[PDB]
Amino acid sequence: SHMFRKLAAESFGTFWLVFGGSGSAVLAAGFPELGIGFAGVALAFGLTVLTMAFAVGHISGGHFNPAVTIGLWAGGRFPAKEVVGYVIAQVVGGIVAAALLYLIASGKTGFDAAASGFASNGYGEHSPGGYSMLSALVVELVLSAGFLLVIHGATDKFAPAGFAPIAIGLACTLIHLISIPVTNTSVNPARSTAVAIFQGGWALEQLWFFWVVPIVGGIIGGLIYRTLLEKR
């Protein structure tokens, strides 16, 4: 319940998320004949939220995501003052994991961080299924809103205590099963930023998208729970 340690929890959580989620995508998804595919990456991603929320959610609330922190503010749960420190902690944490991951990935003949996307988020060409920008937009907006509708509900007063990390993490596996072919799935501006810095080309130029669209998405989910469903 001291801020220095709350920021440490958040930096570590987002770290776990970016190391785990992206590590599975770069290291294991495509491994020939025995690789884990998109369903594997979705699972890893959502177990980074669930393990860490159980571990450090009781210290920080376990946001691990700028879009979650900003949406908790929108829905009346996080004070405007603590927002910016969390976002930075998260972004920092994610950068370190993505650099550690890069050093790992390059331990193998042929690794092209650039020519493989390095699990970066993108739309259009740099969409893995080649979905246009309007497909990228509508999917992140809907999925960020929803994501926050889950965090808000799961951690509500009259939501039986203890289970929110299960609700929230699995909602993060769900969201990846849905949107990977479309954008590789962000709904986390700090996840996109980590790997974009190591794809070095096309990722960095579409980055802004995955900062604007998840956040707007998550405010909306916060607004929908706050005004519609919470009262009571």
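Residue numbers run from 1 along the displayed sequence.
For the pair 185 to 193 and 34 to 42, the mean B factor over Cα atoms is greater in 185 to 193. Averaged over Cα atoms, the B-factor as recorded in the entry is higher for 105 to 113 than for the other of 92 to 100 and 105 to 113.
Annotation for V87: C-alpha temperature factor in the middle third relative to the rest of the modelled chain, per the entry. Looking at the C-alpha B-factors along this chain, the one for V212 belongs to the highest third. The deposited CA B-factor of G71 belongs to the middle third of values across its chain.
Compared with the other modelled residues of the chain, the Cα B-factor recorded for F198 ranks in the highest third. Looking at the C-alpha B-factors along this chain, the one for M133 belongs to the highest third.
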